[PDB]
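These notes are about the structure you will find just below.
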């Protein structure tokens with residue numbers, strides 16, 4: 001989901 | 001938390017990606033993604049744990065618990081406030097864990113997550129990557145100073161070594177970066193063999209600080225490493241060596 | 001100023 005914090 | 005799931009498969013491989021880095025996905029399956037972002041300074045830390053509902057269905061009674069061994073609890077203080085028990089479909093929620101290292105520790109906390117999903121009951125257990133090196137900070141020192149300190153740590157139980165197969169290509173630049181990432185200074189021209197790596201740092205805990213020296217020796221023809229740690233505490237040499245041995 | 005031994 002594009003509203004999420006991501007972890008790259 | 002009642003019956004606890006055994007550690008998820010991949011828990012240990014995953015835990016190992018979080019030793020020299022602070023940011024990543026810790027766990028993901030078809031229902032849930034668990035992400036982390038952390039920062040440390042001296043004997044303290046702050047970790048953000050994010051829980052993402054990958055489904056169109058709400059999670060109810062959503063219950064993350066952090067579970068520590070009896071000795072761990074005396075060596076490490078974890079403080080948090082639990083999440084709201086309902087997590088909407090498509091939502092990502094979070095909690096902040098405030099961490100205080102009281103003294104050296106070897107066990108890892110377990111993060112257990114339980115919730116209802118439709119008619120099912122879900123139970124996930126994973127090792128939380130809060131590790132002794134997260135309190136490890138670099139010490140720059142000249143060669144003469146290094147060897148003085150190295151020779152002061154000449155008791156048998158102060159030294160721990162490991163010999164192991166490289167998991168990754170023996171890439172000089174990446175190796176230097178992981179040693180730094182681990183918390184150590186990278187000291188140049190200490191080992192006269194320029195293929196070898198030498199490090200120094202100090203572990204910062206509420207009650208005591210421990211000086212640590214390290215040496216990594218690659219054999220690129222054999223695809224193997226020897227790592228040597230010396231510290232004033234046998235448990236600290238043990239722990240840092242085991243940790244650092246899984247990085248290369 | 002030396003290590004006593006060496007892996008390689």
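Here the Cβ positions follow ideal geometry from the backbone for every residue, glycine too, while neighbour counts run over all protein chains shown. Any read-out appearing in this document is the output of simple, stated calculations on the displayed coordinates, not a laboratory observation.
Contact order, relative form, for segment B:136-248: 35 percent (alpha carbon pairs under 8 Å, 6 or more residues apart, mean separation divided by residue count).
For the protein assembly as shown, the spherically averaged projection of the C-alpha convex hull amounts to 15.1 nm².
In plain terms, the chain from residue B:44 to residue B:100 could stretch by 19.7 nm, reckoned as 0.36 nm per residue minus the Cα-Cα distance.
Taken over segment B:136-248, the alpha-carbon convex hull comes to 96 cubic angstrom per residue. For the Cα trace of segment B:9-69, dividing Rg by the Kirkwood Rh returns an Rg/Rh value of 1.00. Annotation: for a label point projected 7 angstrom from Cα along Cα→Cβ of residue B:154, residues of segment B:224-247 with backbone N closer than 16 Å are B:230-232. Along its principal axes, segment B:63-193 has C-alpha extents of 64, 36, 25 angstrom, given from the largest down. Helices in chain B, meaning DSSP H runs of at least 4 residues, each add -39500 (n - 2.57). Divided by all residues, the mean residue ellipticity at 222 nm is -5000 deg cm²/dmol.
Net length available on complete extension from residue B:166 to residue B:122 is 12.2 nm, with 0.36 nm assigned per residue and the Cα-Cα distance removed.
Find, to one decimal place in angstroms, the Kirkwood hydrodynamic radius of chain B, where the mean of 1/r is taken over every pair of different Cα atoms and then inverted. One decimal place: 19.5 Å for the Kirkwood radius. Taking the square roots of 5 times each eigenvalue of the Cα gyration tensor of segment B:12-135, largest first, gives ellipsoid semi-axes of 26, 14, 13 Å. Cα axis of helix B:172-182 to longest principal axis of chain B: angle in degrees, 0 to 90, nearest 10? For helix B:172-182, the angle is close to 60 degrees. Ranking of B:163, B:210 by neighbouring Cβ atoms within 10 Å, starting from the fewest: B:163, B:210. Panel order for B:65, B:139, by other beta carbons found within 10 Å of each beta carbon, from fewest to most: B:65, B:139. Subtracting the Cα-Cα distance of residue B:55 and residue B:84 from their residue separation scaled by 0.36 nm leaves 8.7 nm.
Taking other C-beta atoms within 10 Å as the exposure proxy, B:140, A:8 rank A:8, B:140 from fewest upward. Relative contact order for chain B: 19 percent, from Cα pairs under 8 Å spaced at least 6 residues apart, divided by residue count.
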